[PDB]
Amino acid sequence: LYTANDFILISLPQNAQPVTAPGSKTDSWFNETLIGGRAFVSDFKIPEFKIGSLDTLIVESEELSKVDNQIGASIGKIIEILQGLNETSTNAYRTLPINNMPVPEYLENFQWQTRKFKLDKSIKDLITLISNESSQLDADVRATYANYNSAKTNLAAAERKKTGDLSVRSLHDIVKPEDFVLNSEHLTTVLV
Amino acid sequence: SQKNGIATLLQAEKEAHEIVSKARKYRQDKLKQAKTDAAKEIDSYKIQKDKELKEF
Amino acid sequence: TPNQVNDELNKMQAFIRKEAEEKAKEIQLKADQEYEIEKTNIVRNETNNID
Amino acid sequence: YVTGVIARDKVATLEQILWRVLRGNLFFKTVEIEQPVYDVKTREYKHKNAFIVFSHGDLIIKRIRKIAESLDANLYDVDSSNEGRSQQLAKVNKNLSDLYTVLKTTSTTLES
Amino acid sequence: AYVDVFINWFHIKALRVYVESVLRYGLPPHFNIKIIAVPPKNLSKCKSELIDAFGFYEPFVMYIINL
């Protein structure tokens, strides 16, 4: 199966035959030139074909590396958040359902770069938009996790109060406010 | 060869510069023609107005 | 390896040529559109003054 | 384009870092120097070699500048045109001849 | 989010792969790029196998491992 392992992606040029041992390229490449694992390998072109200048290409490559690192960090943070619920952490972290499918099923193609991400506008623009959207979603997830952590801390602080008989009272579930000490002739009686 | 590659890169850069200069020159010529084209239409409209005034 | 070096040089030359051609085509199209718009605006202003 | 000189032993690493810093490729050329140059930064008469490269974008040229400066490789403003390069070399020699004369005279005066 | 940001990251990775294949590999753009979900223990072997079958920071064309 290997439906939850790490996935290896290559971008070998479509021109030559990367097979070191002669073999044949393309499908024969994935079947023999990488037969050591002899694992499934496929993809369909989804080119952000808009190509700027060489300097623009290199700058966009560096920005893409930075955005990929940021997205990986966001994915790790999301894995940690799921570990907050710990049900997805008990199972494989990859088992979370994405696009009505598991990870290998979705990764069986990559055509999702059609409408939502961009519309073949510009490589720099597409990278900027994808990075901004991912950053906003990651910020929202971080804010939700922070709110959940704050609520858990509040619950822990509330439960830390010993139910009476100590420096922390049990006024929530004690007989203090309802006792006969409630009101006095010209004062209110309270002591424990 | 490395020298052949360097010469080819220099020739490609020169051709790119020539193409950019030709594009800029074509842009300037088109702008000048459009300015001249607007002048011709304005002159024709003024001639029509003068003819109308003469008819009146 | 000579084929690889020649391929790299050809790739650099092709990238340069593609960038130059794209820039020239964009410049020509934008210049034609701007020239048409400016000619229309100038003709309209001159016609308004003549009117 | 790229013009500069650097130690002949480190030219291979300079070429590797040029090929790697830009994920594609760029033209390159090199030539060893006839005699070592007593670089101020090196403070010794270490061997050197000329470094020449080429690129399209201006940002790539700026990155080449930055990495060459980081690699302690000084740069010079050469002239692509043969006539311009010849004129620059002639001016450099004209100044340099007076420089040899003045250095010889001042060394003689100091030693005397 | 583990799906939305997942799709965003996959698209970002596709953009990075396109940028690399348009820089390392030269124009005109074309690529037999394919992502192989390797067996769990075979990842090191595949890198050894692929780098063996590579006519060359990873060398040759982009072979950036995912996850």
# chains A, B, ... in the order shown; residues from 1 in each chain; ligands from 1
>>> residues_around(residues="range 16-18 of chain C", least_positions_apart="4", cutoff="12 Å", atoms="only C-alpha atoms", output="mmCIF file with N, CA, C and O atoms, in the first residue's frame")
data_model
loop_
_atom_site.group_PDB
_atom_site.id
_atom_site.type_symbol
_atom_site.label_atom_id
_atom_site.label_comp_id
_atom_site.auth_asym_id
_atom_site.auth_seq_id
_atom_site.Cartn_x
_atom_site.Cartn_y
_atom_site.Cartn_z
ATOM 1 N N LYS A 50 2.768 31.077 -17.394
ATOM 2 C CA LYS A 50 3.243 32.452 -17.450
ATOM 3 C C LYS A 50 4.643 32.545 -16.858
ATOM 4 O O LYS A 50 4.825 32.375 -15.649
ATOM 5 N N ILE A 51 5.638 32.812 -17.701
ATOM 6 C CA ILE A 51 7.035 32.845 -17.292
ATOM 7 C C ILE A 51 7.569 34.251 -17.516
ATOM 8 O O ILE A 51 7.486 34.782 -18.629
ATOM 9 N N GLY A 52 8.120 34.847 -16.461
ATOM 10 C CA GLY A 52 8.695 36.175 -16.556
ATOM 11 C C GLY A 52 10.113 36.169 -17.088
ATOM 12 O O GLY A 52 10.414 35.480 -18.067
ATOM 13 N N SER A 53 10.992 36.939 -16.455
ATOM 14 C CA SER A 53 12.389 37.006 -16.852
ATOM 15 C C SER A 53 13.235 36.069 -15.994
ATOM 16 O O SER A 53 12.792 35.553 -14.965
ATOM 17 N N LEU A 54 14.478 35.853 -16.434
ATOM 18 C CA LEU A 54 15.370 34.947 -15.717
ATOM 19 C C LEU A 54 15.621 35.431 -14.295
ATOM 20 O O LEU A 54 15.570 34.640 -13.345
ATOM 21 N N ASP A 55 15.890 36.727 -14.126
ATOM 22 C CA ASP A 55 16.000 37.281 -12.782
ATOM 23 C C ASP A 55 14.677 37.165 -12.041
ATOM 24 O O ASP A 55 14.644 36.811 -10.855
ATOM 25 N N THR B 8 27.533 33.009 -28.462
ATOM 26 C CA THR B 8 26.110 32.873 -28.752
ATOM 27 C C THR B 8 25.270 33.699 -27.788
ATOM 28 O O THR B 8 24.285 34.325 -28.193
ATOM 29 N N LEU B 9 25.639 33.705 -26.505
ATOM 30 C CA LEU B 9 24.915 34.516 -25.530
ATOM 31 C C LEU B 9 25.040 36.000 -25.845
ATOM 32 O O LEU B 9 24.061 36.749 -25.743
ATOM 33 N N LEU B 10 26.239 36.445 -26.229
ATOM 34 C CA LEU B 10 26.421 37.846 -26.597
ATOM 35 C C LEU B 10 25.590 38.207 -27.822
ATOM 36 O O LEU B 10 24.960 39.272 -27.865
ATOM 37 N N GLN B 11 25.572 37.328 -28.827
ATOM 38 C CA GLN B 11 24.775 37.584 -30.023
ATOM 39 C C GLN B 11 23.287 37.622 -29.695
ATOM 40 O O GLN B 11 22.547 38.457 -30.227
ATOM 41 N N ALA B 12 22.831 36.719 -28.824
ATOM 42 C CA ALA B 12 21.428 36.716 -28.422
ATOM 43 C C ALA B 12 21.068 37.988 -27.668
ATOM 44 O O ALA B 12 19.987 38.549 -27.866
ATOM 45 N N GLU B 13 21.961 38.454 -26.791
ATOM 46 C CA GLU B 13 21.712 39.704 -26.079
ATOM 47 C C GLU B 13 21.646 40.881 -27.043
ATOM 48 O O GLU B 13 20.790 41.764 -26.902
ATOM 49 N N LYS B 14 22.546 40.914 -28.030
ATOM 50 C CA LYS B 14 22.513 41.982 -29.024
ATOM 51 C C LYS B 14 21.219 41.944 -29.831
ATOM 52 O O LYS B 14 20.614 42.989 -30.098
ATOM 53 N N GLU B 15 20.782 40.746 -30.225
ATOM 54 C CA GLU B 15 19.532 40.620 -30.968
ATOM 55 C C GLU B 15 18.341 41.047 -30.121
ATOM 56 O O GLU B 15 17.406 41.679 -30.624
ATOM 57 N N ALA B 16 18.352 40.701 -28.831
ATOM 58 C CA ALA B 16 17.279 41.122 -27.937
ATOM 59 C C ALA B 16 17.238 42.637 -27.799
ATOM 60 O O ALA B 16 16.158 43.243 -27.820
ATOM 61 N N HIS B 17 18.406 43.268 -27.656
ATOM 62 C CA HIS B 17 18.453 44.724 -27.576
ATOM 63 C C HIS B 17 17.950 45.359 -28.866
ATOM 64 O O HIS B 17 17.215 46.353 -28.834
ATOM 65 N N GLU B 18 18.333 44.792 -30.013
ATOM 66 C CA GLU B 18 17.853 45.308 -31.291
ATOM 67 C C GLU B 18 16.341 45.164 -31.411
ATOM 68 O O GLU B 18 15.662 46.068 -31.911
ATOM 69 N N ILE B 19 15.796 44.033 -30.961
ATOM 70 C CA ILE B 19 14.353 43.819 -31.024
ATOM 71 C C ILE B 19 13.626 44.810 -30.125
ATOM 72 O O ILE B 19 12.578 45.353 -30.495
ATOM 73 N N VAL B 20 14.164 45.055 -28.928
ATOM 74 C CA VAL B 20 13.543 46.016 -28.018
ATOM 75 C C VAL B 20 13.581 47.418 -28.615
ATOM 76 O O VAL B 20 12.601 48.172 -28.538
ATOM 77 N N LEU C 9 23.717 26.738 -22.966
ATOM 78 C CA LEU C 9 23.847 28.005 -23.678
ATOM 79 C C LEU C 9 22.616 28.282 -24.532
ATOM 80 O O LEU C 9 22.121 29.415 -24.578
ATOM 81 N N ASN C 10 22.107 27.253 -25.212
ATOM 82 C CA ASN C 10 20.908 27.412 -26.025
ATOM 83 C C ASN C 10 19.703 27.745 -25.159
ATOM 84 O O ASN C 10 18.839 28.525 -25.567
ATOM 85 N N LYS C 11 19.618 27.153 -23.967
ATOM 86 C CA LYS C 11 18.522 27.468 -23.060
ATOM 87 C C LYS C 11 18.591 28.916 -22.599
ATOM 88 O O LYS C 11 17.567 29.603 -22.535
ATOM 89 N N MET C 12 19.792 29.398 -22.275
ATOM 90 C CA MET C 12 19.934 30.801 -21.898
ATOM 91 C C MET C 12 19.549 31.721 -23.049
ATOM 92 O O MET C 12 18.828 32.709 -22.853
ATOM 93 N N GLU C 22 8.435 38.635 -25.760
ATOM 94 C CA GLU C 22 7.254 38.941 -24.961
ATOM 95 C C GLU C 22 7.202 40.420 -24.608
ATOM 96 O O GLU C 22 6.141 41.052 -24.707
ATOM 97 N N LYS C 23 8.340 40.994 -24.207
ATOM 98 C CA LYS C 23 8.372 42.416 -23.888
ATOM 99 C C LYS C 23 8.036 43.260 -25.109
ATOM 100 O O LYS C 23 7.272 44.226 -25.013
ATOM 101 N N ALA C 24 8.588 42.900 -26.271
ATOM 102 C CA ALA C 24 8.321 43.655 -27.489
ATOM 103 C C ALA C 24 6.854 43.564 -27.891
ATOM 104 O O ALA C 24 6.252 44.571 -28.277
ATOM 105 N N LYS C 25 6.264 42.370 -27.810
ATOM 106 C CA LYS C 25 4.859 42.215 -28.171
ATOM 107 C C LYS C 25 3.955 42.990 -27.222
ATOM 108 O O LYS C 25 3.013 43.664 -27.663
ATOM 109 N N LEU D 26 24.495 29.658 -16.314
ATOM 110 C CA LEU D 26 24.993 30.936 -16.794
ATOM 111 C C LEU D 26 26.351 30.713 -17.439
ATOM 112 O O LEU D 26 27.086 29.794 -17.067
ATOM 113 N N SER D 55 25.007 36.916 -17.612
ATOM 114 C CA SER D 55 23.630 36.689 -17.200
ATOM 115 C C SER D 55 22.733 37.685 -17.921
ATOM 116 O O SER D 55 23.207 38.645 -18.532
ATOM 117 N N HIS D 56 21.424 37.443 -17.846
ATOM 118 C CA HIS D 56 20.453 38.308 -18.510
ATOM 119 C C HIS D 56 19.919 39.394 -17.579
ATOM 120 O O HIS D 56 20.068 40.587 -17.858
ATOM 121 N N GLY D 57 19.293 38.995 -16.476
ATOM 122 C CA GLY D 57 18.626 39.956 -15.626
ATOM 123 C C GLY D 57 19.595 40.823 -14.845
ATOM 124 O O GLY D 57 20.745 40.463 -14.592
ATOM 125 N N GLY E 26 15.473 23.918 -19.184
ATOM 126 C CA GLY E 26 15.343 25.138 -19.946
ATOM 127 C C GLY E 26 14.087 25.196 -20.794
ATOM 128 O O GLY E 26 13.434 24.188 -21.049
ATOM 129 N N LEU E 27 13.757 26.411 -21.231
ATOM 130 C CA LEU E 27 12.624 26.620 -22.114
ATOM 131 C C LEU E 27 12.908 26.007 -23.484
ATOM 132 O O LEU E 27 14.065 25.891 -23.891
ATOM 133 N N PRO E 28 11.861 25.601 -24.225
ATOM 134 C CA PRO E 28 10.425 25.744 -23.955
ATOM 135 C C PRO E 28 9.936 24.844 -22.833
ATOM 136 O O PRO E 28 10.413 23.717 -22.708
ATOM 137 N N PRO E 29 9.003 25.347 -22.027
ATOM 138 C CA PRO E 29 8.539 24.582 -20.865
ATOM 139 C C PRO E 29 7.987 23.222 -21.265
ATOM 140 O O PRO E 29 7.161 23.105 -22.173
#
>>> residues_around(residues="range 35-39 of chain C", least_positions_apart="3", cutoff="8 Å", atoms="only C-alpha atoms", output="list in words")
residues 30, 31, 34, 35, 37 and 38 of chain B; 31, 32, 42 and 43 of chain C
>>> closest_atom_pairs(of="chain E", to="chain D", cutoff="7 Å", atoms="only C-alpha atoms", output="JSON lines")
{"residue": "E:20", "atom": "CA", "partner": "D:23", "partner_atom": "CA", "distance": 6.8}
{"residue": "E:23", "atom": "CA", "partner": "D:24", "partner_atom": "CA", "distance": 4.6}
{"residue": "E:24", "atom": "CA", "partner": "D:24", "partner_atom": "CA", "distance": 4.1}
>>> write_last_selection(atoms="C-alpha atoms", output="mmCIF file, in the first residue's frame")
data_model
loop_
_atom_site.group_PDB
_atom_site.id
_atom_site.type_symbol
_atom_site.label_atom_id
_atom_site.label_comp_id
_atom_site.auth_asym_id
_atom_site.auth_seq_id
_atom_site.Cartn_x
_atom_site.Cartn_y
_atom_site.Cartn_z
ATOM 1 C CA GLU E 20 12.530 24.883 -10.864
ATOM 2 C CA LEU E 23 15.031 27.300 -14.455
ATOM 3 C CA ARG E 24 17.039 24.085 -14.113
#
>>> atom_distance(atom1="CA of residue 62 in chain A", atom2="CA of residue 53 in chain D")
21.4 Å
>>> residues_around(residues="residue 72 in chain D", least_positions_apart="6", cutoff="10 Å", atoms="only C-alpha atoms", output="PyMOL selection string")
chain D and resi 5-7+41-42+66
>>> write_last_selection(atoms="C-alpha atoms", output="CSV table (one decimal), in the first residue's frame")
chain,number,residue,atom,x,y,z
D,5,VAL,CA,39.7,38.1,-10.4
D,6,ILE,CA,40.0,35.6,-7.6
D,7,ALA,CA,42.4,33.1,-6.1
D,41,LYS,CA,42.9,41.2,2.3
D,42,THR,CA,45.1,38.1,1.9
D,66,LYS,CA,26.9,40.3,-3.8
>>> residues_around(residues="range 33-42 of chain E", least_positions_apart="2", cutoff="7 Å", atoms="only C-alpha atoms", output="list in words")
residues 2, 5, 6, 7, 8, 9, 10, 11, 12, 37, 39, 40, 41, 42 and 43 of chain A; 31, 44, 45 and 46 of chain E
